[PDB]
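Okay, here we've got a single chain as structure tokens, the form deposited in one PDB entry, with questions on binding and movement later.
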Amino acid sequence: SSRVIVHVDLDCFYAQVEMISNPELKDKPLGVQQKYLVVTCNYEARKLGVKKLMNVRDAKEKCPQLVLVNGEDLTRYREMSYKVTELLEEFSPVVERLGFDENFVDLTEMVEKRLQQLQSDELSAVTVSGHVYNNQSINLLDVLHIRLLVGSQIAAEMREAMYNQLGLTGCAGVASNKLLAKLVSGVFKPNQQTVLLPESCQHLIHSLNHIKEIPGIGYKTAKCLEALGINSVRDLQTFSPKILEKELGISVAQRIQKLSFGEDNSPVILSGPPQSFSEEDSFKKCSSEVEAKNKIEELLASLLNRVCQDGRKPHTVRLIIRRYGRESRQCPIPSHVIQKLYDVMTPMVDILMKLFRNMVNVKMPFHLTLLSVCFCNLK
């Protein structure tokens, strides 16, 4: 029943891409800016006190010589993201993406194949690659330890191929489920890997200082838990199941409590091709609808290129706005438009404008801060 899972997370991903493009940025402290947000920075900048998701002005205040590069266009990072996923799919076909810079891979089948090839003399020769969490002792007669060590070897080969083939460094964690692999992948950063033997699971889980650090417990759930006197992992572990269900629902309650024990039965799912393609534009003000129409047309031009590139056709379109708290309207895409994928621009513009005005009233003044377009329902 026991699995071997790996989780790979990339070092300062966006910054890493920018440093690959312009090597002049390699040794200077580097931040990647999106409007007023330094969304990540390289490790030289983190030495100087820059943190991820800092304000531009807090960033330059803590580090005035910070070099900033614009990262509002995700094209190059998206390309790199999928190159990493495809490389990992060479190892095992079933690879789960999380965001742009993280992948899970279920190594179980691979581990077993490698050990079936091994003879009894060399089971004694199996060595860890990288760090062992909590420097736990390895017991070579424990088959779980052996399997996780082989998993750590496969993780090292993976990171070495990402570097040799794509020039990318990242951290990996090897553990027995997705949650533990993802928690352990970050223990030694950057560009290192860690493996978690079962006896250390509780240690890893209690090393966290608040429940929001558990993937699956977000802003709102954390708030509700804090209103219940639950702040530590052990608080959640020892809390009443029944009160928890009543407060958050049965699924949320049971899942997050199991998580608080380090238990996670969820499988590694094949992410495959994207389920949707969207673009966003943020701004201080949009009040003229011919302006709004310009913004929109700008968005769609790029999305039409990308949709064409993938070679599938979307069967739904959505328009999203935020007023001076987000709202959307969607509709199907007419079949002749779909088959045309010819001037597909103009019809799509008219459709999206009709949705626009369904949501906002021009006859009245309006203040719009975010305008976004999503193409989903691909086939």
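Just count from 1 along the sequence shown to find any residue number. Rigid core: the largest C-alpha set superposing within 1.5 Å between the two forms.
Participant: Tell me whether residue 342 turns out to be unmodelled in at least a third of the other entries of this protein, restricted to those that model residues on both sides.
Facilitator: Looking at the other entries that model residues on either side of it, residue 342 is missing from at least a third.
Participant: Given that the flanking residues are present, does residue 22 go without coordinates in at least a third of the other entries of this protein?
Facilitator: Counting only entries that model residues on both sides, residue 22 is resolved in every one of them.
Participant: Taking residue 68 and residue 69 as adjacent modelled residues, how many residues of the deposited sequence between them have no coordinates (none, 1 to 3, 4 to 9, 10 or more)?
Facilitator: In the deposited sequence, nothing is left without coordinates between these two.
Participant: How many missing residues of the deposited sequence lie between residue 324 and residue 325 in the entry, grouped as none, 1 to 3, 4 to 9, or 10 or more?
Facilitator: 4 to 9 residues are missing.
Participant: Mean CA B-factor: is it higher for 214 to 222 or for 144 to 152?
Facilitator: It is 214 to 222.
Participant: Do the CA atoms of 352 to 360 or those of 13 to 21 have the higher mean B-factor in the entry?
Facilitator: Here the higher of the two C-alpha B-factor means belongs to 352 to 360.
Participant: By the entry's C-alpha temperature factors, tell me which of 165, 103, 266, 124 sits highest.
Facilitator: The C-alpha B-factor peaks, among 165, 103, 266, 124, at 124.
Participant: Please work out which residue in 317, 41, 337, 48 has the highest C-alpha B-factor recorded for this crystal structure.
Facilitator: Answer for 317, 41, 337, 48: 337, with the highest C-alpha B-factor.
Participant: Ranking the modelled residues of this chain by C-alpha B-factor as given in the entry, is residue 207 in the lowest, middle or highest third?
Facilitator: Lowest third.
Participant: Where does residue 291 sit by CA temperature factor within its chain: lowest, middle or highest third?
Facilitator: As the PDB entry reports it, the C-alpha B-factor of residue 291 lands in the highest third of its chain.
Participant: Based on the deposited C-alpha B factors for this chain, I'd like to know if residue 283 is in the lowest, middle or highest third.
Facilitator: For residue 283, whose C-alpha B-factor we compare with every modelled residue in the chain, the answer is the highest third.
Participant: For the chain shown, is the CA B-factor of residue 109 in the lowest, middle or highest third of its modelled residues?
Facilitator: According to the entry, residue 109 has a C-alpha B-factor in the chain's middle third.
Participant: Comparing residue 373 with the other modelled residues of its chain, is its CA B-factor in the lowest, middle or highest third?
Facilitator: Middle third - that is where residue 373 ends up once the chain's C-alpha B-factors are sorted.
The following text describes the form deposited in another entry, which does not appear among the structures shown.
Participant: Considering only 160, 73, 213, 291, single out the residue whose C-alpha is displaced by at least 2 Å between the shown form and the other one after superposing the rigid core.
Facilitator: So the residue whose C-alpha moves 2 Å or more is 291.
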